[PDB]
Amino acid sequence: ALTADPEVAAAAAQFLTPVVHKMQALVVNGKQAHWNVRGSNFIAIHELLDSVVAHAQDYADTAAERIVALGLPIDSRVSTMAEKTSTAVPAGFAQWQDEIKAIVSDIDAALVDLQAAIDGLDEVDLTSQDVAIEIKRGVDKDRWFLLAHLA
C-alpha cells in the first residue's frame, strides 16, 4: 500500500507497533490465565478472561492492519514479541484474584502505550489516532470489569 506520506506511515508504525506487541502478548498470556485460573469465581473469570483475549486479538489485528495499510511491515513474530514484552501472569495454577492482578498489570502497560499513540498521532494522523482511541475505549472497559472484582 504505497503511499503519499512516508511521515504518516512512519508515525503510525512508531506509535502503533508497541500496541500490536502488547495486545498480541495479552492474547497469549490471557490464555495462560484463562487455563490456569482457580478458586471460587472460576467459571465467571475463566469466561471474562476469554473475552479479554478475544478483544486483545481484535485490537492487535486492527492496529497491525492500520500499519500495513499505510505501506510498512510489522514484525510480530513470537521471538520479537517476547523481546518487547513482559507479563506478570503466573507460570501455573493461581487463584483468580492473582490472575486478575497480573492481567490488569499487563493491561496498565498497554494503556501507557495507547496513550502515547493518542498524543503522538494527534498532530500527524488523525485516522491512525482514531484506531488507538478505539482500542483504548475497549481496553479501559476490560480493565474496569477485571478490577471491579477486587474493590
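Just count from 1 along the sequence shown to find any residue number.
Annotation for 60-68 versus 41-49: the higher mean temperature factor (C-alpha) is found in 41-49. Of the two segments, 5-13 and 138-146, the one listed with the higher mean B-factor is 5-13 (C-alpha atoms only). In this PDB entry, the Cα temperature factor of residue 124 sits in the top third of its chain's modelled residues, the highest group. Sort the chain's modelled residues by C-alpha temperature factor and residue 36 lands in the middle third, per the entry. Residue 29 sits in the lowest third of its chain by CA B factor, as recorded in the PDB entry. Per the PDB record, residue ranking by Cα B-factor puts residue 117 in the lowest third of the chain. Annotation for residue 103: CA B-factor lies in the middle third of the chain's modelled residues.
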